[PDB]
Each structure stands twice: as C-alpha cells, then as structure tokens.
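# sequence, then structure. It's an experimental one.
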Amino acid sequence: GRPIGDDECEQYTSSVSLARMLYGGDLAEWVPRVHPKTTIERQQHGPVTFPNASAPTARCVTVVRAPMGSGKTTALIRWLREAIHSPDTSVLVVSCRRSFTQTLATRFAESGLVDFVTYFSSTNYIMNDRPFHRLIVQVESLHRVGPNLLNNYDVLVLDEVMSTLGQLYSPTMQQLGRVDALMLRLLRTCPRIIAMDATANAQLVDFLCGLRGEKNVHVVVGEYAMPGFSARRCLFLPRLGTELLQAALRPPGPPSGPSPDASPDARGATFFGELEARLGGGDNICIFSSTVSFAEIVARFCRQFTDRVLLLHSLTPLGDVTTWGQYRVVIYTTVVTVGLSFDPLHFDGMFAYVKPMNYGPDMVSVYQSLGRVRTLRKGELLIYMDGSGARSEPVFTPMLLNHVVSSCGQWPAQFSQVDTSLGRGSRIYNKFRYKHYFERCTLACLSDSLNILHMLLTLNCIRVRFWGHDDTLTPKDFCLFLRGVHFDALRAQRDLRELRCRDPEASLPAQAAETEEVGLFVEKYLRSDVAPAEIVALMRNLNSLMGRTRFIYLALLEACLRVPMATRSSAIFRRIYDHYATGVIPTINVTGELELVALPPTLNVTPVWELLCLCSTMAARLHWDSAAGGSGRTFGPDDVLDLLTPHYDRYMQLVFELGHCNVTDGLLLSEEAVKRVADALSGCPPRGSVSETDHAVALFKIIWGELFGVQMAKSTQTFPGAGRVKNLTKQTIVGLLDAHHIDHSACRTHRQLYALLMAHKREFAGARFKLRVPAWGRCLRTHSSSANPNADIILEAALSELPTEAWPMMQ
Amino acid sequence: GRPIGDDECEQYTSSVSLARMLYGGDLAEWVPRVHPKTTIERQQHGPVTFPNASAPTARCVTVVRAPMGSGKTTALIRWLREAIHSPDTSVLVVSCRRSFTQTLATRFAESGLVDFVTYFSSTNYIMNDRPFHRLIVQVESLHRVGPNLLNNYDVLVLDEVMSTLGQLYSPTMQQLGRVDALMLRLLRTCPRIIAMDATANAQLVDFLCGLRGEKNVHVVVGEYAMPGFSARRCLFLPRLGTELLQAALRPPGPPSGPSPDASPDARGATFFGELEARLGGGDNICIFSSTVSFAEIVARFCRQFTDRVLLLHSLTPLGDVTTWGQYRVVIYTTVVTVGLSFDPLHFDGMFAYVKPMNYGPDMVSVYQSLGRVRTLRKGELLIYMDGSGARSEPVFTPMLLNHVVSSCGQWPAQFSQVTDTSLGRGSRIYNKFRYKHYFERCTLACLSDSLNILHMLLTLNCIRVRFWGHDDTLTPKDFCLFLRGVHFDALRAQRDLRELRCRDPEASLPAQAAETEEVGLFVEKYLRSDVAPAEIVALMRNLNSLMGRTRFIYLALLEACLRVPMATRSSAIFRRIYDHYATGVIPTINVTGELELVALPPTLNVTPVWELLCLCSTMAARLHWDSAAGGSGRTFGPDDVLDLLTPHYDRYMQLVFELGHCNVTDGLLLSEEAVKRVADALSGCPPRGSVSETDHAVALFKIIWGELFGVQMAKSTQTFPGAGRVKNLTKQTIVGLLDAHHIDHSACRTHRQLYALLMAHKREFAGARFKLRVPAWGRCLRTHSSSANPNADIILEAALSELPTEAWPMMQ
DNA sequence: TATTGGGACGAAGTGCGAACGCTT
DNA sequence: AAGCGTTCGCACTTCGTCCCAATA
C-alpha cells in the first residue's frame, strides 16, 4: 500500500482537534482567550473542590468539567451545605435517565428535607396541596410537574448537564417548547447555579456567559479520577480474529484439518484470542456489544468455555444488575444505559465490540454503557472497532476546523458550513443542536467515531493505548492502525454472516432491526415506536406479491389523507406515487432470510389515481385511520349505497378496467393483481339481479377487500357512529334521541337521557359494520400519527404548501 | 343520466362565493361589516370619480375597485392635479408589465414634469446625482432605481395594485426582501396613497387598515364601464365541434361517406361552427388559445377560408401589434399578455380556447390576454373551456367557504385548513397575499373553479356573460348540467385533436412538447426554470438512447452530491438521493419524433455507484465543476490528473473494473450495455507498466469522465493557468501569475505595465493544459450554483442536509 | 381429494354501577 | 358538599380467524 500522506496527517489532527472542542477538552485554553472576565481553575491533584458558596466573592454561576469518579457528588453535597442558609432556602436539582436520580436521592441522606418527584405514578405527591420546595427531578419528566414548581428557586443544580441538554433532541421528548422556556427562565433567574458534566463544553460556558455575563461565571476543570479499583486501562485491538471463532464454533464431528492460511499472526492481539485467554484462565468477563447480531455470536463462543453466560438485549427479559454476580460472563447491549450501575468487585476485565452505524448508538451512549460496570478487578478494557459500515471520508475535515476556530468556537448547525426553517425550538434547543447533529453524522466515519470515543475515554482519565504502540501514537502510526482495522473489519464480515445465529432462541426481530434497509423502511412508511416483532410480521407479508400490493395501496391511501392536494393535482399525485410506491423494500422470505425487493415504476398512474381519489373520499367519510384499526364510524348497508351512489358507475368502470388491464404497468397492475380483481368481479352479482344495497355491499366489499386487504366486519355496538355505550356524552345522546324523534327534555340531566336510550335501545338494533385493517398496516404513519420531522414529513409539507408554477413562462 | 344533487348546488354556490371573495366582488358588504370606520361609496352611474384630493377631510388612503374602461385614468389625472399642492410636491407611481406604464406616461403629458425609468435601456440615471422627484416605475425594476428614490414621497400611486403585488410571487422576481421592505416603508409613510385594480380585494383593504387604521382609509367601488368597447358580450359554448374540423381538414382526394355522428343537433353552437360562420360571412376575427397545440390547428382551419392568417406564440418571431390590421385572422397565446394592446377598430369578434392545466396560465393571465384587443366591432366574445386535464373535484369546497367566512374573510395560505413550516420566506407583504397566488394555481386542477373564476373576472369588468341556451339566468342545476355537457365533449374531442396534430412538417415540436405535464414535471425536478423548449427537445432526444439516459442520470447524481455533501458520507442519505433522482419515469423523444415515457428501474445494490460518485464528487470539487458553467472552472495538466487519482488509484481501478465485470443487471446504471462498454473502454486502457504514470492516469481519468458522464477532456487555448485569456488579464490576475517562476518585480500598478512582464514570461507558462467540458445537453441541469425559487426537490435536499438520521430501535 | 364443521381463543364490544373533578 | 358530566371496572358476550379432527 501507499505511504501515509501529509493530508492524512492533517485529517487526523483536524478530527482530534474538533473532537476535543465538541466535548470540552479545550476549555482551559478557550475560556481565557474568548471570555477574559470569566475566572477558571484546574485541579490536577486529588478530588475536585468547588468554590466556598457562602463567600461574598463566590460567583453566581459555576460550571464544572470533571471526570466520572473525580469526587463530584461529595463536592456538590459540600457546596449545598454551604449554599443553603436555612430551611426557607428553596433548591432544584435536575438530572437525566442516563444517570438516575435515585443515586443522588440516596447520598442526599446527608441533607435535611429534600425529596424527588416519582417519574412513575406522580400522583399522591409529598408536597401535597403545595408547590415543591426542595426537589430532585429528571428532565424527561419535568413537564409533568412544571405547574407545581415554584416560579423561582434559590439554588439550581444541573447534574450531567450535557446529558440533560441531550434529551431535548430525543424523539421521545415531550412538550419540548414548554421545557425549553422553563429551563431558560430558571437559568436566567436563580441566584446560584451549578452545572456539572464530564463533557461540559465551550458552548455551555458561552451560553451561561450570554445569559449572565462573564463576571458572574466561574469554571473549574477536573483532571483527576480515583485510582485503584477504578484505575481503568483501555486497549484498542487491531484484529477481530474470526479465524479463531470459526475454528471454535466448528462442529466437533469431522477432523477438518487446517488450510494453509492464517499461519502468520498478523500482529496477533485478536479480540477472540484475548477473550479465550481470559475465559480459559478462569477470569470473570463482561462484554458490551453494539449489535445483537454479534452479542449472540460471542455468547455462543463463551458457552463453549463455560456454562454460566448471561446475555442481555432489548428483546430479552430485563435482568437486574444485582443478579450479575452469579455469572462468569455477562454480555449486554445499550439497554443497560436505561438501568442502574453494577458496583461489586466481580469482573476482572471488560470487552467491547463497537460498530458505528447510521441508525446505531452514538459514541457517547456507547461510553455510558461501558461505564455501567463501575469496578474491574484487573482494570483491563479491550475495544474492537468494526469499521465496515463506516468506510466514508471524514466529517471532521480541516475545512470544518478552520471554520469553527475562525468563529471563536461557534459550530455550524449542519455539515454545509454556508438553511430553511425546518425546526422552531427556543434559545436552548438552537444553541446545542450542533452537538446532536455531529454526534449522529460522525457515525458515517470510523476515524471520527474512534476519535470521539478516545476523547471521551481521555476526559474521564482512562489511559488509552493501541496495540504495538504502547507509549504514544503519531499521526502516521494512527493512519496505519486505522487502515489495518478497516481491512480486518471488512474481511471478517463474511465469517460473521456465515456464523449468524439462526437457532430458534436467536432473535430474528432484533437482527432484522440492525439492518440499514430496515431503518430506512421504518423511517419512510412506519411509526417510530413500533416493535421489531411487528415489523418482522409485516416484512413476512411483504414477501408475497399480493401482500406487497395491498401494502402499497394502503400506504398510498394514507398519503392521500395526509396530502389532500394529491387527490386534486395529478402532478402532486405523481410526486407522492414516485416516493411511496416505487423504490426498494425489505422482505423476509419463507427461509427466514431478509431479502430486498424492487417496486417497479409505472408509466401510467391514471387508473390508480382515479381509484384512490374515490377511496380517499369514502375513507374520510368513515373516519379512517389504519393506526386506530380502520374506520372510526360504524355504517350499515344503506350507508354503503350512499357512499358509492355519487360515482357508482365510475367505481364499476374503474374496477372493471383494473380487472381487464391490457398491460402489466408496474406493481399494482401486475398479472396477479388484475387476475384477482377479475376473479372477484366474476363472483359479484349482476347490477339488476339483487337489491341496490346488496350489489353496493358486494362492490364495496370487493374494493376494500382486494385492493387494501381491509375486512368489512360486523359490529356488536348498541348505537350508530363511534360511541361505545359507557362513553356516550350528553350531546351525542341528544343527537340519537332526535335521530328517531324520541321523547326529549323530560329532565335536563345526562342520566335521564341515558335512561331513555337504555329503554329505546331496540329501536337502534340493525345491521352494523366497521372496516378493519389487517394485523400489519396498524404500524403505518397516518394523519393522526404525531412524529418528529424527517425527510418524508417535510416533503409532504412542501407538496402541501407550495403550488405548481406555470412552466413555459412569460417575463 | 342521474339528476343534479343539492350537494352539487352547494358546491356551485360555494365556488362562486369564494371566487367573488378572492377578486373583491364582496367589497361593498364586507367593508361595513368588518371595518365600520372606513367609508365606502358605490358609483353605479357614469365613469368613476375619486375624492376631492385638496379637501381637508379627504382621507390619507383611498382604494379603488373599478372596471377596465371605467374612466380610472381620467380620474387619476384629475386627482393628481388636485393632490399636487406645489411644483416641489414629490410623486411615485408604481405599475406592472401586465398594465404597461407607457399608456400612463403618454397621458401624463398634462403633468409633463413626471418621468418614467427606461427599465429596458438600463441607462445610468444616477448620473443626475439627485433623487427622482416625480417617477413612474415598473415594479420588477424598483430595486435598481432604489438609490434615486426620496426616502419618502408626498403622493404614492399604485396602478393595477393586485397585478403589482402578484409580481412578488413570480419565479423571475429579484431581490424580493428588498422590494418588500421598500414597499412596506412607502405604505407606512407616504402622506397620500391611491391604490387601484379592477380586482382590488378585502385583504388589501384589511392590510391598508392594518398599516393606517380604518379612519384613514376610504374605498371606491365602480360598477360602470364605458359602452362602445366594454359593451362586450361573452358566451360560453357547450361543444368544440371537432366533427366540422375533421370534415374540413380531410384531404380533397377520398370520398369520405356519411356517418350518424352529430346527426342529432346536440343543441348546436360549436366553436368551429360559429367560427366558420364568421369566416364565410367575411368577418375579421382574433383567436386566443391557451395552448400552441390548438393554436396551430385553428390556424390550419382558418387557412381554408382565407389566406391572411397570422399566428403568434413564443417560438414565432413576435411581430408588432400595429401590423394586425393587415389580417383577416390573428391567432395568439399568452405571449401577448406581456405585450402592448391593439386599439384600432379592426376585429369584428373574438374567440377563446381556454384549457386549465397544472403547468398552464392562470385564469387571471387568460383574462388579461383577452383584454389585448381593445374594441370589437360586433362585440362578440365566444369562449370554449376544455375541461380534459381539469376533471378533479373542487378546491373551492363548502368547508373552505365556512372557514373563510368564520375568520372574517381571512383565507388559509394553503388548502389544508390548519396553521406547517416556513419553507418559503418573505415580509408582511409577501405573507399577506400569498394565499391569492396559491389559489390561483390550485384551482387549475378543477374546471368548475376555473370557470367560476373566469366568469367572476368578466363580471367585475362589466362584460355580460351568458351560457348557450340560457338566455338571462342560470340556476345551480343548469350550471351543473352545462358543466357535465362540457366535460363530456372536451373528453370526446381529445382523440380528434391527437389525430389532427400536425405530424411535424417542421411544425414547432418544442412548444407542443412543453405543454405536456410529464415534461413540466421533468423540468421542475432536474432542469433550470429558464431553459428554452428547443433545448429541452434536444435533451429528450438524447434521453431516448439507453447510453444517453445513463449519462444524464450519472451527471444529475453528481450535481446532487455536490449540492448535498452528506450524500457522499451517509449511505442512508445517498439512498434517498438515488431513489429520488435515479428512479422513476422520464420523458423522451423517439426516432419518429413522438414523445415517449421511459422507466428508470430501481437498483437493489447502489454501493458500486455510490463508491464511484464519492470518488468523482471529490475530484469534481477540486476542479471547480459546474455543468451550467460548462464544466471545470479550473484548467489542469497531466501532472494534476495523477495528483487527483493517486490517493485512491487502486479504488478507481477496482471500481471501473468491477463496473465492467458486474455479474448482475441491477437497474439502469449497471445494465448490460453500460457494463459491456465500461469493460471495452477499460480493456482498451494501457496496462500499468506499459506507459508513464501520467499517461495511465490520463487514460483512466479520460475513461471515467468520458464513459460515465459523457464529459470530454478538451485541450485549452489559454497561454496562462487559471481561466484567463491573454487580452483580458488585469492587475490582480497578472500579480497572481507573476507569483510563479519567481518573477519578483517593482513595476507600477497600472494593468498594461504589469501585462508587459507576462507577455515576455509567457514561454514559461506554456504546456499541455485541459478543461473538462460538459456535452451540449447537461448545460440545462440545476447545479449547485443555480439560484432558483424553492420547490419540493430543493426542500427535500434541504431536509436531507439539515436533519440527522436518528438511532432507530431506540433506547427507552 | 380436499371438504367442513367444530373447538378455541383474541378483539372488540355491552352496561351496571361506580368513581371523581368541580362549580354550584 | 352534593348535584352533574364524563369516563372507567368486571364479568360477561359476539365475531371471525385457524387449524385440526372428522368425512362429503
């Protein structure tokens, strides 16, 4: 291969430098330069110590950048003991799911009269009939208690502040605009603030200087963490070593002697070699894995050397960390980020397999996960970075560094350095949006991802080394290492594809969800909150050409209810069709293997558009929502005739034409589709052979049944419309009494008018039905489905908001 | 046929009512109802009279809704004579290309101190070194004249104000934010304002009340138009009558025996029948057509009854309107909307073929066009509305009317009645009237809405409108019957017009292609808005070949990769750009000359394409590539070529090899011809040891650019590096060249003295030097430099640039 | 050969009779 | 503090998908 370029050395140096800026590693140099009136100090020896809060010279805002295990919680309790003058002093402590409040609430046994809001079952609150006074909260739950907070507090604590600010960008975030304004009001008005994170950065210090001026901010920088039981040492391994894995997992029956390959060690230090050495040597080990796919493989490998291997991921029952002392090997994925830490001196070493992926965990999540085991008896942490999946050129380019350093550390909010109003958050949301964006973008590139992870380890005082460079690494050495890793990672994929666990206990729903194709599919058609097992059930249905056709029809109908100009402009319809009804979709075949399928484009969409126009109006009239299960209204055979009769002969003509289409124009007019529609019409009673209602119900049932897979099911409802008996409001009761001209206003009260209907219920008996959407199809984004924006939602907004301009125009 | 429903009668009544509200037909009721302190008056008898401008009680703002031909220009001149208290009183008059300023500037001879900006000449009026004191302006040039404008004027006149505000929404609008701020300053600050349009509406009256309060606004409603020309009578015809056209354009050879078609009269009065009657009767006729396709057919028909037939459209040489008195028939299209009016009493009657289309002219444009001939000697206007193309259910629904009337006449800015992101940007002025532009374009989807709008505009200009067989009144059921008839005839007649299409005896294919919806939609997605239809036909002929089509898509993808740089980084984002640009359906022109749609089939594995586009996007950026600008901004030599490839040479070699030897036909870009021709080209390249590194590098570079994108490495005529030709070098570019070859100098800063140095040292700059050149087609592509008003594609790329992929199976 | 009817059990209701927020 | 409107618990029933046992 080619020798290392000077450009490769500048790429490296730029990536490291931007990583250092994003997580606050530059803070001691940047503060004096850019905010000269803000005081700063560094504490390199022993635990951190915050300023004496009772002194008149102690500033209103203090911000702390100090390691996990630097003594922060002890310095905070000391600072609160000094800050709190009286029981009349109010206090607010905000935290996050990433670092549970229960640890603070436990250690705060040291302080009088402080309590925490239960994020579960928040009723029966301790400060009953009063606003909260001395309170611990998690930001993810803050909107629940916002109206029962004091308007202002005497002390504000933000713990893991960058993790707190990170929640604003989560898809689960709720009442965002309120939580923005609430936090901003507290920041602008509390007379003492303390804000702490291992990664508190220049933009936080800038923001607090913006709200309160340099002379009221102080910064303290920790560069010490507790030795001994927490003196962790990290090693990046060069090679996965699947040649050992495949030889171990080999069936023991045949002799199967070795081929003349993998004879040289190629720098050895394999992930699997090093792991086997610990397992054979009798060590207790814990293994983080980014992917379930690999977690299952390494569990199989561990189950050869031991019996007692625990495996934890989202689709396993949640094992509490107290149980982990029972096992020789514990394998987990990022799910333990939601749970508590494991404290006991049980494990000798830790292994980690990290694979950046566009829809994967971010490196800051990975770091959180690696921390969940607090204590390691031998102090080893071995990391393998799988760069297949992440083979792109860097995002932390020299151009971006030159930009950011020119603007005094002010980052661009998106990768084009020199925008449209696609979001509308407040000061807080806009200030830190850059950090969320680069945490997700850099996953595209292994070099950037590695540099971020290395930065996070270094800022927490973990000594990081790379194999064969066990002192310090020059840019050329890094580029050689990283070049080697990309090659190893790329060749190992075939071994991991061969070894992919397909025994019944191996989770196909989890393994499917780690595929990029599935993430894209989910992002375009489906709701974000659907379970992987629901998706596999849909993808199995999509494998059949009939199931796939019905899926696309149903997704088009939903688009037409979301974009009502699609029902009117053929031009807009062609944009919606090209987007939702052409391209590639993931399916699962009968073997259980994931398999992509093309949706061929259609030259003439006119028959489809006419049909969906008709069906969209009748869908709207029946209050259709696939997510809600189908039709909101009940309807009877008379309503069916009323729905069809305005355009009856068009429905007849279009279903006939679809049954006899001369050309196989794309997906929806393929041979099986037109055959099925013809077969359906061959069974339909002729237009004069039965009552108008009988023919109308037959036709309606064929349209909904064949095209969308939607069943006209009989209803047990006592009364028409949407209303269940027990939920019937007074206004709807009056409507029902008037609809039959029943006696009215005997009394004004609900219970009287209810008692009338419950006597006259027999007058409301009859044939009654609902449209039911199939089992799949309930997981689709619909007009009712609230969702944070993406490319598809914004495209539909554009198609709704912007009109078609006249083309060949005159000046 | 089934009877007309009461729901159709509500649809009709809603459509009419919303049309009335949009063009200010409701103004006499709505002002008393919503702004009681704003005085209003009705002038039903004789020409309009504005308030006495010299009175102490006469209000600061007056706004006038009055017909074309109602006397407005005389009332304006009278009002100005009264409003101008002194020789030093300043005046600004703003108008539009639709309402051309020279008619005012001519009649303003009576106030001969007033002058107009010669926006066409673009002369350096700033040489006067003083503000313009009494000025007439075309709104689209207002920014350029911005400097010579008194910060405030004593009198502000807005002429065809609605037509003026309409320019803000034009694609060709320039420096919008500046023109917005300028007009909004003037409206807030000028001591007297008068604003006039035949369609001045409630939202303008509301906006002026918003800036100046009800007590400072007064409204005049005119309902009279001068007889002799605006005594025009309009009749909507139920049938096109293509049976007569077919019988006429039939060759003289065959016997053509009779058939039962139109043996029953179908109540008569066809477009072509009525036209034939006037042509045979010796009348002089003018014909508006919405489409060139139809204009050429009616020109062929007229050339049977007469010799002297003129025809005018965007691809004809645009002859001056004064010449029209020479002809028995003049056929024209929207080209005359921007042109001048014809005043002499030549034409007897006027015919109009109007066809709503999503990419066509709006009905207000059509109306302006009909207004181009001032006077018709027999007063007749006959209109045929072709609803094929416009068969959708209405946009002016009862629910929209209920919304608008509930909000006191405040329209929603889009068809969904809900408050959505600020995808487009503008001031108060732009946002206030955006709704009018939106509904002007959307209603083209529906013939009923389009007809009601055109009928409204005719009525607000005092033209008496009738429908055939309905002599004085038309109930909602009668209207719905008429529409049902029209929609049938219009759909029936399309086959006749397709048969009778000219078959290209050099007959103007580019205009007939440009009226296709598929082509409009293609141009919106891939091309610049301003390209000529003749360049589009040249591209669509190339697109017919699978090789030409492959190169086009590769080049469009490259430009997208330069626009959306995360596409070069995230395979998820690349898949969204690929799915959008490189899959779907595109229009082509086959060897016969007929238009033909072609599929771009989707690709299961785009990784080979993405790898190669990543390698080309970097290289292109380094070469300052821009297809519009013709190719590479930089010149480069064979030494640069080796430096471009060498970081990834093994990848370029492997990818072009694999692209040659791909085992699977995975969509368009990996089709059999594509892989075969890349293998042929690659196997024709010299082996790595056979030639110098630079020779191999240039061979590989030439193959990649040449086969995949169709771009030629062309030898440059330049004496010097960069982009300068000899006689066009100047001080800065000269100094930048004198940095080379260590030509240290102390010569003076004047261009020719420094040029004299390079004209000696030129021998040191000579060598093998090249540019990449885009083919003839492909210069019409929307590139990263191509400024354009937003559309769905521009906004999709914004979203892919701004929004990051979020972790999917997400932590709880 | 493949019909066919029955068991079997999730989804989606009933509806008495009650809780419960609140403003009278 | 109880008169009122909304809304839910629990023990039931109806409908229809599914496949297995019984044979048209």
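Structure's in. What do you need? Residues are numbered from 1 along each chain as shown, chains lettered A, B, ... in the order given.

# domains in chain A, as residue ranges please.
A:16-225, A:227-250+A:268-390+A:461-504, A:511-715+A:772-801, A:725-767 (automatic domain parsing).

# thinking residue A:216 is in contact with residue A:58, fair?
No - if you go by C-beta atoms under 8 Å, residue A:216 and residue A:58 don't touch, sitting 10.6 Å apart. Yep, even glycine has a C-beta here, placed from its N, CA and C like the rest.

# residue of the stretch 401-550 of chain A nearest DNA strand C, please.
Residue of the stretch 401-550 of chain A nearest DNA strand C, by C-beta to the nearest atom of the strand: residue A:534 (11.2 Å).

# residue contacts, the closest residue to that residue other than its chain neighbours?
Closest residue to residue A:534 apart from its sequence neighbours, by C-beta to C-beta, 6 or more residues apart in numbering or on different chains: residue A:779 at 5.2 Å. When contacts are counted by C-beta atoms under 8 Å, 6 or more residues apart in numbering or on different chains, residue A:779 is found next to A:526-527, A:530, A:534-535, A:538, A:627.

# is stretch A:329-340 anywhere near chain B?
Yes - applying C-beta under 8 Å from any C-beta of the partner chain, one finds stretch A:329-340 touching chain B at A:334-335, A:337-338.

# which PyMOL command selects the buried ones in those residues?
Of these, the buried ones go into a single PyMOL selection, burial set by 16 or more other C-beta atoms under 10 Å in any protein chain shown:
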select buried, chain A and resi 334+335+337
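
# so what's the closest residue to DNA strand D within the stretch 351-500 of chain A up against?
Closest contact between the stretch 351-500 of chain A and DNA strand D, by C-beta to the nearest atom of the strand, is at residue A:500 (27.1 Å). By C-beta under 8 Å, 6+ apart, the contact list for residue A:500 reads A:293, A:297, A:511.

# same question for residue A:704.
Contacts for residue A:704 (C-beta under 8 Å, 6+ apart) come out as A:710-712, A:771.

# and the residues you listed, which are buried?
Looking at those with 16+ other C-beta under 10 Å, the buried ones turn out to be A:710, A:712, A:771.

# ok, the second one - contacts?
Neighbour list for residue A:712: A:697, A:700-701, A:704-705, A:769-772 [criterion: C-beta under 8 Å, 6+ apart].

# what does the stretch 651-800 of chain A put close to DNA strand D?
For the stretch 651-800 of chain A, the residues in contact with DNA strand D (C-beta under 7 Å from any atom of the strand) are A:711, A:713-714, A:716, A:726-731, A:748-751.

# separation between residue A:450 and residue A:361?
Distance of residue A:450 to residue A:361, given as C-beta to C-beta, to the nearest Å: 15 Å.

# the more surrounded of the two?
Neighbours were counted for residue A:450 and for residue A:361 using other C-beta atoms under 10 Å in any protein chain shown; residue A:450 has more, 26 against 23.

# in which helix or strand would I find the more buried one?
helix A:446-459 (DSSP states H and E).

# what does residue A:158 give?
For residue A:158, the host element (DSSP H and E) is strand A:155-159.

# neighbours around the residue lying closest to residue A:792 once chain neighbours are set aside, how many?
Closest residue to residue A:792 apart from its sequence neighbours, by C-beta to C-beta, 6+ apart: residue A:524 at 5.4 Å. Applying other C-beta under 10 Å, we find 18 residues neighbouring residue A:524.

# what's the answer for residue A:559, then?
26.
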